[PDB]
Amino acid sequence: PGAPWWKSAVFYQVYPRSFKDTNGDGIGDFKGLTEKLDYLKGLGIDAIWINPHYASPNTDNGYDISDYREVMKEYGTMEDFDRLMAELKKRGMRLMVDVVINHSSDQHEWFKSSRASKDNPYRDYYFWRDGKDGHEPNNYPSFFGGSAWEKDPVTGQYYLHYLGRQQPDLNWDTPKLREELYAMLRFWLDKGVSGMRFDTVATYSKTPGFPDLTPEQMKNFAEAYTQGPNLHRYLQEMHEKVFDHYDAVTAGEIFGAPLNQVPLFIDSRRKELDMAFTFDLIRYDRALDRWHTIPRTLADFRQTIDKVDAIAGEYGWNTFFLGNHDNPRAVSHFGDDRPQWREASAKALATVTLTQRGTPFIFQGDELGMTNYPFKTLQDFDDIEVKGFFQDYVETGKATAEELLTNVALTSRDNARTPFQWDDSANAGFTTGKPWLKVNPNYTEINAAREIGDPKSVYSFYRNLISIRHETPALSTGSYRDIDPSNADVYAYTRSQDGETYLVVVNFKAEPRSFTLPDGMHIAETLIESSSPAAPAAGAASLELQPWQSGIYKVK
Ligand SMILES: OC[C@H]1O[C@H](O)[C@H](O)[C@@H](O)[C@@H]1O
Ligand SMILES: [Ca+2]
């Protein structure tokens, strides 16, 4: 039995808001995405995941949805969504949409009804509780600042919001609510959608009675919110009432969950989700407060990958990504975005990304080696989470505005959201108007038109790696083995299938390094290298590596 198409595919994530504008309002749209499908096809992309594209007041850029069955006004009409689908299908490409059902907009008609009275039939579509001892029902905090509880004077109770005030949590404990969600999913799957990605999938079940978080839990609240006791019962039911009747792949954003629980979401025998996005790697260097960085080494990086791979085992399956719309840019985060090293390290990270056991997701603009943005003031951020940090840390006197700026510049989601850099015309060819978020000035050196025409570019290297992955089954579905998990200079591992073995070797230092193959192993062939003056000789038992050198080798 061949493995399903999604185990061997290469995905690309599109953040439609920041991808391509076609009417000069400074916001990307569907017509912009549709016009650029030949660009993604030519790169070799099999499937696209688009961030939320539904009716939204955009307090959280699409993740506050006010109608699940209509398209966002800024992106276009249902006709434009249908045309997008038809053009993907022409190119043999698939669509994964984002599914945001932990919470809705406070502007959704369900919520406008829910708020009206305790006896409203929509009351229990959300969570409403009396406050305690003069204040909120409990001490839950929100990821976006202040309490996770908001008082509504219309009834005098509080409603739950893990995310923003304008994102009330949906009440999965209510059967009528679940049934409404399942019908909504069927609405999109009936249109032929090939995949669904579940935003914060691990927080759907709430703790009965909502007791206070202990001081430990408080310091790690993201984790406590993943511990609802009905979580897997809900996911199994969603599979039985929705996914079982379609041919779609399902991927969960398992944010906050302890790694050893991940198998419950993805083990195929459990009939929950097909694949996981986990955050142990991408947050391995993030403080608990989410706005400081802690220094880590390559040893921490590879050890995390190893543990994550082990949790997928025989019946589970992982995605692999180094960036998304909620994190800093891959090259700035994991490589070295200084001008002399940006290109060399962007290539090394590509090699890593495209040779992991798992379905790779390439975040828009990483194929160009786009970097973090040079924020100068707090006013340069759009992000609602940065306003939250301002509220929780600056106004309470815990940190100065400057301490916030300096640290959040490195970590903020807005680093990923600056407009895609198409060429060196005005605003990098993203828009003819004023972009909703400023273009990085480095667009003059980093842009698609320049990259595409250059066979030594980062783009070209990504295109070649993708082609090599497509051609070499061991690189998608073969086993993974880290050759030396404690080495903090040179990342090396094998991928193996049906007697064939490939060796990947990646120098994480901006300094020359040596690598000795394990005993009995010799180089048979060189598939590709980055930043290398010469391939090893057939039979080679060791390698000399330039700074940031990467390579893939068939081994014997
Ligand atoms: O808690 C899940 C979500 O919370 C916030 O949005 C985080 O910034 C983001 O990483 C994640 O998608
Ligand atoms: Ca537009």
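Positions of Cβ are generated from backbone atoms using ideal geometry, with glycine treated the same way; all protein chains shown enter the neighbour counts. The numbers here are math on the coordinates, done by the rules we state, and not lab data.
Taking the Cα centre of the chain as origin, work out the dipole magnitude from +1 charges on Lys and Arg Cβ and -1 charges on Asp and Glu Cβ, in debye rounded to 20. It works out to roughly 600 debye. Cβ-Cβ distance of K132 and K398, R₀ of 22 Å, FRET efficiency by 1/(1 + (r/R0)^6): the value works out to about 0.30.
Pairing the Cα long axis of helix 298-312 with the longest principal axis of the chain, what angle in degrees results, from 0 to 90 and rounded to the nearest 10? That works out to roughly 70 degrees.
Compared with the dominant principal axis of the Cα atoms in the chain, helix 342-353 is inclined by about 80°. Compute the FRET efficiency between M521 and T477 as 1/(1 + (r/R0)^6), taking r as their Cβ-Cβ distance and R0 = 22 Å, and round to the nearest 0.05. For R0 = 22 Å, the calculated efficiency reads 0.55.
Segment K191..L288, full-extension length gain: 30.9 nm, with 0.36 nm per residue of separation and the alpha-carbon distance subtracted. So for the chain, taking the charge dipole from beta-carbon charges (+1 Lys/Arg, -1 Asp/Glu), which of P441, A310, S332 sits furthest toward the positive end? Comparing the listed Cα positions along the dipole, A310 ranks first. Over all Cα atoms in region 105-174, the spread is summed up by Rg and Dmax: 11.3, 32 Å.
The Rg/Rh ratio of region 479-556, with Rg taken over Cα atoms and Rh as the Kirkwood radius over Cα pairs, comes to 0.93. Excluding same-chain neighbours fewer than eight residues apart, the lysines reachable from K554 by a Cα-Cα span under 23 Å are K7, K347, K456.
Ordering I101, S425, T477 by the projection of their Cα atoms onto the charge dipole of the chain, which places +1 on the Cβ of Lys and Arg and -1 on the Cβ of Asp and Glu, puts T477 at the extreme positive end. Both radii come from the Cα set of region 279-398: Rg as radius of gyration, Rh as Kirkwood radius; their ratio Rg/Rh reads 1.00. Here the peptides 295-305, 52-62 are ranked by packing, the mean other Cβ count within 10 Å, and the order with the highest first is 52-62, 295-305. Per residue, the convex hull spanned by the Cα atoms of the chain measures out at 149 cubic angstrom. Think of each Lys and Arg Cβ as +1 and each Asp and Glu Cβ as -1; about the Cα centre, that makes the dipole of region 403-498 roughly 300 debye.
Taking 17 Å as the straight-line reach from the Cα of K31, the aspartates and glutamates in range (excluding those fewer than 8 positions away in the same chain) are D21, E70, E74, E79, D80, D82, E87. Using alpha carbons only, how many angstrom separate the centre of region 68-88 from the centre of region 466-494? Each part's Cα centre sits 38 Å from the other's. When +1 charges are put on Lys and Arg Cβ atoms and -1 charges on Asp and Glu Cβ atoms, the dipole computed for region 353-469 relative to its Cα centre reaches about 400 debye. Using only Cα atoms, find the angle between the long axis of helix 175-189 and the longest principal axis of the chain, and express it within 0 to 90 degrees, rounded to the nearest 10. Relative to the chain, helix 175-189 is tipped by roughly 40 degrees. Ranked by the mean number of other Cβ atoms within 10 Å per residue, highest first, peptides 67-75, 214-222 order as 67-75, 214-222. When shorter helices are ignored and each DSSP H run of at least 4 residues is given -39500 (n - 2.57), the per-residue value for the chain at 222 nm works out to -7000 deg cm²/dmol. Secondary structure note: in the chain, about 60% of the DSSP beta bridges are antiparallel. Sorting 232-240, 439-447 by their mean Cβ neighbour count within 10 Å, with the most densely packed peptide first, gives 439-447, 232-240.
Centre-to-centre, using Cα atoms only, region 515-556 and region 137-162 are separated by 57 Å.
Between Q107 and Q236, residue separation times 0.36 nm minus the direct Cα-Cα distance comes to 43.5 nm.
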